[PDB]
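Have a look at the structure below before the remarks.
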Amino acid sequence: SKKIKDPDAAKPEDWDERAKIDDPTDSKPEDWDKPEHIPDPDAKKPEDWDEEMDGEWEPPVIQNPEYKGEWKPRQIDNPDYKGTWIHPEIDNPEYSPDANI
């Protein structure tokens, strides 16, 4: 996604930045992580459209029934930490809106 943790952002080398840990001994795959938005399966476009002049159509999305806000397992408060200063995230180079960066 847009805006992620990165090296430009000038983080120290691992200074108990978390506050709340994730699955200690549990863990599962990523396969919770279903897409928030899926295109309409029956997303037909108008024949009254010129993608030459718009640039593309505009295929609608719906919210997926399986929608979880993110793979947050059980973010439990850790066994004592430091204090995440406020790292400035940066504009995730590997995001790519529609064309690879």
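Heads up, chain A uses Swiss-Prot numbers, so what you see runs 205-305.
Cβ coordinates are placed from backbone N, Cα and C, and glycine is handled just like the others.
Annotated in Swiss-Prot:
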- 207-251: compositional bias 'Basic and acidic residues' (COMPBIAS)
- 252-261: compositional bias 'Acidic residues' (COMPBIAS)
- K209: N6-acetyllysine (MOD_RES)
- 237-270: region 'Interaction with PPIB' (REGION)
- 259-297: region '3 X approximate repeats' (REGION)
- 227-238: repeat '1-3' (REPEAT)
- 244-255: repeat '1-4' (REPEAT)
- 287-297: repeat '2-3' (REPEAT)
With H, G and I counted as helix, E and B as strand and the rest as coil, say where DSSP puts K209 (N6-acetyllysine).
coil
I'd like the number of other C-beta atoms within 10 A of the C-beta of the residue listed as 'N6-acetyllysine', please.
12
Residues in the repeat '1-3' (227-238) grouped by DSSP into helix, strand and remaining coil:
0 helix, 0 strand, 12 coil
Residue distribution over DSSP helix, strand and coil in the compositional bias 'Acidic residues' (252-261):
4 helix, 0 strand, 6 coil
According to DSSP, how is the repeat '2-3' (287-297) divided among helix, strand and coil residues?
0 helix, 1 strand, 10 coil
